[PDB]
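Single-structure report; data block below.
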Amino acid sequence: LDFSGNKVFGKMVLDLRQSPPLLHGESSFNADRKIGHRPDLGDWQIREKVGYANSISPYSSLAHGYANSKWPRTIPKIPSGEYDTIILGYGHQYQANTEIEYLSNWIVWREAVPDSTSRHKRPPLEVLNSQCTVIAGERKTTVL
């Protein structure tokens, strides 16, 4: 099995004692620089907590996926079976941070990456920590 294609997913710690391997990892996340980051808030709640539009505005004109953009869809399921060699890679947990962009051509409110020339801002993306760990059972294991 190969999960090297996880450039936006770090901390792949997985247990292989049982046939269905138990995989856990922390996904890249997008935050909001107004009051905090609550993944369990929907688009309407984030919009209310930020204040870029109103609840009467159509959903098409609102910011789709603000402060809750989880591009890594939880954790893909590894089918149970026998494992001989595993191909590792390099994965990171990306911090996404954007501000409000007022697009007049569509009267919409979208996300804009911070600009260093506009006063003092934060980098558009960064990596928190860089580490991965695997536990292999009492069989023939190969890691690369």
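Following the order of the structure tokens, chains are lettered A, B, ..., residues in each are numbered from 1, and ligands are numbered from 1.
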Can you tell me, as an NGL selection string, what residues are no more than 10 Å from stretch 115-127 of chain A when counting only C-alpha atoms, ignoring any on the same chain fewer than 6 positions away? :A and (8 or 10 or 28 or 30 or 33 or 91-99)
Polymer residues at most 10 Å from residue A:51, only C-alpha atoms, same-chain spacing of 6 or more positions, as a list in words: residues 34, 45 and 100 of chain A
Any chance you can output those residues with N, CA, C and O atoms as an mmCIF file, in the first residue's frame?
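Here's the written file out.cif:
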```
data_model
loop_
_atom_site.group_PDB
_atom_site.id
_atom_site.type_symbol
_atom_site.label_atom_id
_atom_site.label_comp_id
_atom_site.auth_asym_id
_atom_site.auth_seq_id
_atom_site.Cartn_x
_atom_site.Cartn_y
_atom_site.Cartn_z
ATOM 1 N N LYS A 34 -10.462 36.521 12.692
ATOM 2 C CA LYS A 34 -11.334 37.482 13.358
ATOM 3 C C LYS A 34 -11.503 37.160 14.836
ATOM 4 O O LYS A 34 -11.180 37.997 15.685
ATOM 5 N N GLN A 45 -22.829 30.248 9.969
ATOM 6 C CA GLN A 45 -22.282 30.659 11.257
ATOM 7 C C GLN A 45 -20.968 31.413 11.088
ATOM 8 O O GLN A 45 -20.736 32.424 11.761
ATOM 9 N N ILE A 100 -11.137 38.778 3.416
ATOM 10 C CA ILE A 100 -12.328 38.966 2.595
ATOM 11 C C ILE A 100 -11.956 39.738 1.338
ATOM 12 O O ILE A 100 -11.358 40.818 1.411
#
```
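Counting only C-alpha atoms, the residue from A:23, A:88, A:135, A:41 that sits nearest to residue A:75 is A:23.
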Neighbour list for residue A:24 as a ChimeraX atom specification, cut-off 9 Å, only C-alpha atoms, skip fewer than 5 positions in-chain: /A:11-15,75
Point-to-point distance in Å for atom CA of residue A:73 and atom CA of residue A:32: 19.7 Å
Residues at most 12 Å from residue A:57, counting only C-alpha atoms, excluding those fewer than 2 positions away in the same chain, as a list in words? residues 44, 47, 48, 52, 53, 54, 55, 59, 60, 61, 62, 63, 107, 108 and 109 of chain A
Top pick for closest residue to residue A:5, considering A:39, A:137, A:81, A:72 and counting only C-alpha atoms: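 Answer, going by the shortest atom-to-atom distance: A:72.
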Strand (DSSP E) positions in stretch 1-124 of chain A, given as an MDAnalysis selection string: chainID A and resid 9:15 22:27 29:32 85:86 94:103 108:112
Saved selection, atoms kept: N, CA and C atoms, as a JSON list (two decimals), in the first residue's frame:
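Saved the output as result00.json:
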```json
[["chain", "number", "residue", "atom", "x", "y", "z"],
["A", 9, "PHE", "N", -1.33, 16.32, 4.26],
["A", 9, "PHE", "CA", -1.82, 15.48, 5.35],
["A", 9, "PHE", "C", -0.61, 14.96, 6.12],
["A", 10, "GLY", "N", -0.50, 15.34, 7.39],
["A", 10, "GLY", "CA", 0.59, 14.91, 8.24],
["A", 10, "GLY", "C", 0.13, 14.04, 9.40],
["A", 11, "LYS", "N", 1.13, 13.49, 10.10],
["A", 11, "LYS", "CA", 0.92, 12.70, 11.32],
["A", 11, "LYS", "C", 0.16, 11.41, 11.03],
["A", 12, "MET", "N", 0.55, 10.70, 9.97],
["A", 12, "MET", "CA", -0.02, 9.39, 9.64],
["A", 12, "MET", "C", 0.54, 8.35, 10.61],
["A", 13, "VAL", "N", -0.12, 8.22, 11.75],
["A", 13, "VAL", "CA", 0.19, 7.16, 12.70],
["A", 13, "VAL", "C", -0.83, 6.03, 12.52],
["A", 14, "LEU", "N", -0.34, 4.84, 12.22],
["A", 14, "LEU", "CA", -1.22, 3.72, 11.91],
["A", 14, "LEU", "C", -0.76, 2.45, 12.63],
["A", 15, "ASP", "N", -1.74, 1.69, 13.09],
["A", 15, "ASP", "CA", -1.54, 0.44, 13.81],
["A", 15, "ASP", "C", -1.85, -0.71, 12.86],
["A", 22, "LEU", "N", -5.41, 0.70, 11.57],
["A", 22, "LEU", "CA", -6.04, 1.84, 12.22],
["A", 22, "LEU", "C", -5.17, 3.07, 11.96],
["A", 23, "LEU", "N", -5.63, 3.94, 11.07],
["A", 23, "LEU", "CA", -4.87, 5.11, 10.64],
["A", 23, "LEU", "C", -5.48, 6.37, 11.24],
["A", 24, "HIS", "N", -4.63, 7.22, 11.80],
["A", 24, "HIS", "CA", -5.03, 8.53, 12.29],
["A", 24, "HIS", "C", -4.04, 9.56, 11.78],
["A", 25, "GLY", "N", -4.55, 10.76, 11.53],
["A", 25, "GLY", "CA", -3.71, 11.85, 11.06],
["A", 25, "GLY", "C", -4.46, 13.16, 11.17],
["A", 26, "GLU", "N", -3.69, 14.24, 11.17],
["A", 26, "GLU", "CA", -4.24, 15.58, 11.32],
["A", 26, "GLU", "C", -4.22, 16.28, 9.97],
["A", 27, "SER", "N", -5.37, 16.82, 9.57],
["A", 27, "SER", "CA", -5.55, 17.38, 8.24],
["A", 27, "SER", "C", -5.14, 18.85, 8.20],
["A", 29, "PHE", "N", -5.88, 22.68, 7.57],
["A", 29, "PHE", "CA", -7.10, 23.39, 7.94],
["A", 29, "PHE", "C", -6.98, 24.87, 7.59],
["A", 30, "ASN", "N", -8.14, 25.48, 7.34],
["A", 30, "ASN", "CA", -8.25, 26.90, 7.03],
["A", 30, "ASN", "C", -8.93, 27.60, 8.21],
["A", 31, "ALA", "N", -8.29, 28.65, 8.71],
["A", 31, "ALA", "CA", -8.77, 29.39, 9.87],
["A", 31, "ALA", "C", -9.28, 30.77, 9.45],
["A", 32, "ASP", "N", -9.85, 31.47, 10.42],
["A", 32, "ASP", "CA", -10.38, 32.82, 10.23],
["A", 32, "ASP", "C", -9.72, 33.75, 11.24],
["A", 85, "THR", "N", 5.18, -4.45, 2.05],
["A", 85, "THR", "CA", 5.97, -3.24, 1.96],
["A", 85, "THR", "C", 5.04, -2.03, 1.88],
["A", 86, "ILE", "N", 5.49, -0.93, 2.48],
["A", 86, "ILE", "CA", 4.74, 0.32, 2.52],
["A", 86, "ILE", "C", 5.64, 1.42, 1.96],
["A", 94, "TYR", "N", -1.15, 21.94, 6.56],
["A", 94, "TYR", "CA", -1.10, 23.32, 6.10],
["A", 94, "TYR", "C", -2.05, 24.21, 6.90],
["A", 95, "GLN", "N", -1.54, 25.36, 7.32],
["A", 95, "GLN", "CA", -2.36, 26.43, 7.89],
["A", 95, "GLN", "C", -2.77, 27.37, 6.77],
["A", 96, "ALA", "N", -4.07, 27.43, 6.48],
["A", 96, "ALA", "CA", -4.61, 28.33, 5.47],
["A", 96, "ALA", "C", -5.23, 29.54, 6.17],
["A", 97, "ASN", "N", -4.90, 30.73, 5.68],
["A", 97, "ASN", "CA", -5.37, 31.96, 6.31],
["A", 97, "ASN", "C", -5.62, 32.99, 5.22],
["A", 98, "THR", "N", -6.86, 33.42, 5.08],
["A", 98, "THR", "CA", -7.25, 34.37, 4.05],
["A", 98, "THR", "C", -8.15, 35.44, 4.65],
["A", 99, "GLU", "N", -8.31, 36.53, 3.90],
["A", 99, "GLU", "CA", -9.19, 37.63, 4.27],
["A", 99, "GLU", "C", -10.30, 37.76, 3.24],
["A", 100, "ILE", "N", -11.14, 38.78, 3.42],
["A", 100, "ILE", "CA", -12.33, 38.97, 2.60],
["A", 100, "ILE", "C", -11.96, 39.74, 1.34],
["A", 101, "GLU", "N", -12.31, 39.18, 0.18],
["A", 101, "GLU", "CA", -12.16, 39.85, -1.10],
["A", 101, "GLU", "C", -13.54, 40.17, -1.65],
["A", 102, "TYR", "N", -13.77, 41.45, -1.95],
["A", 102, "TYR", "CA", -15.07, 41.94, -2.40],
["A", 102, "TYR", "C", -15.05, 42.04, -3.92],
["A", 103, "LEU", "N", -15.49, 40.97, -4.58],
["A", 103, "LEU", "CA", -15.50, 40.94, -6.04],
["A", 103, "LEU", "C", -16.74, 41.69, -6.53],
["A", 108, "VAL", "N", -19.73, 39.31, -5.16],
["A", 108, "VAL", "CA", -19.55, 38.21, -4.23],
["A", 108, "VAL", "C", -18.46, 38.54, -3.22],
["A", 109, "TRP", "N", -18.39, 37.75, -2.15],
["A", 109, "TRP", "CA", -17.35, 37.84, -1.14],
["A", 109, "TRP", "C", -16.60, 36.51, -1.13],
["A", 110, "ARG", "N", -15.33, 36.55, -1.50],
["A", 110, "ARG", "CA", -14.50, 35.35, -1.56],
["A", 110, "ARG", "C", -13.31, 35.48, -0.62],
["A", 111, "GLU", "N", -12.42, 34.50, -0.67],
["A", 111, "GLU", "CA", -11.22, 34.48, 0.13],
["A", 111, "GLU", "C", -10.03, 34.97, -0.69],
["A", 112, "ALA", "N", -9.23, 35.85, -0.10],
["A", 112, "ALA", "CA", -8.04, 36.40, -0.74],
["A", 112, "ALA", "C", -6.84, 36.12, 0.15]]
```
Nearest residue to residue A:131 out of A:2, A:20, A:80, A:90, using only C-alpha atoms?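 Checking each of A:2, A:20, A:80, A:90 against residue A:131, counting only C-alpha atoms, the winner is A:90.
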Work out how far apart atom CA of residue A:74 and atom CA of residue A:38 are and give it in Å to one decimal.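 It comes out at 16.0 Å.
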Give me every helix (DSSP H, G or I) residue in chain A, going by DSSP on the backbone, as a list in words.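 Output for chain A, helix (DSSP H, G or I) only: residues 43, 44, 45, 46, 47, 48, 49, 50, 59, 60 and 61 of chain A.
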Selected residues written out with N, CA and C atoms, as an mmCIF file, in the first residue's frame:
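Printed below is again33.cif as written:
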```
data_model
loop_
_atom_site.group_PDB
_atom_site.id
_atom_site.type_symbol
_atom_site.label_atom_id
_atom_site.label_comp_id
_atom_site.auth_asym_id
_atom_site.auth_seq_id
_atom_site.Cartn_x
_atom_site.Cartn_y
_atom_site.Cartn_z
ATOM 1 N N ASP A 43 -21.242 27.344 7.075
ATOM 2 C CA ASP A 43 -20.962 28.555 6.310
ATOM 3 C C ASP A 43 -21.725 29.751 6.868
ATOM 4 N N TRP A 44 -22.994 29.551 7.232
ATOM 5 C CA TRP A 44 -23.795 30.653 7.760
ATOM 6 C C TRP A 44 -23.235 31.162 9.083
ATOM 7 N N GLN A 45 -22.829 30.248 9.969
ATOM 8 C CA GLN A 45 -22.282 30.659 11.257
ATOM 9 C C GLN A 45 -20.968 31.413 11.088
ATOM 10 N N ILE A 46 -20.097 30.937 10.195
ATOM 11 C CA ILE A 46 -18.838 31.631 9.937
ATOM 12 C C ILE A 46 -19.105 33.009 9.347
ATOM 13 N N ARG A 47 -20.056 33.096 8.416
ATOM 14 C CA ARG A 47 -20.412 34.385 7.832
ATOM 15 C C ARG A 47 -20.922 35.351 8.895
ATOM 16 N N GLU A 48 -21.759 34.863 9.811
ATOM 17 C CA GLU A 48 -22.255 35.715 10.886
ATOM 18 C C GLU A 48 -21.125 36.158 11.807
ATOM 19 N N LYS A 49 -20.194 35.251 12.119
ATOM 20 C CA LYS A 49 -19.105 35.592 13.027
ATOM 21 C C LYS A 49 -18.072 36.505 12.380
ATOM 22 N N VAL A 50 -18.006 36.545 11.052
ATOM 23 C CA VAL A 50 -17.065 37.426 10.364
ATOM 24 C C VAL A 50 -17.707 38.761 10.019
ATOM 25 N N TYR A 59 -27.036 32.151 -1.248
ATOM 26 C CA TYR A 59 -25.885 31.299 -0.963
ATOM 27 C C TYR A 59 -24.833 31.403 -2.062
ATOM 28 N N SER A 60 -25.267 31.624 -3.306
ATOM 29 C CA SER A 60 -24.322 31.728 -4.412
ATOM 30 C C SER A 60 -23.406 32.938 -4.267
ATOM 31 N N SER A 61 -23.878 34.003 -3.618
ATOM 32 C CA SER A 61 -23.055 35.192 -3.425
ATOM 33 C C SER A 61 -22.198 35.129 -2.168
#
```
Computed interatomic separation between atom CA of residue A:141 and atom CA of residue A:6 (Å):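 Computing it gives 21.2 Å between the two atoms.
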Pick from A:7, A:42, A:21, A:36 nearest to residue A:134, counting only C-alpha atoms: A:21
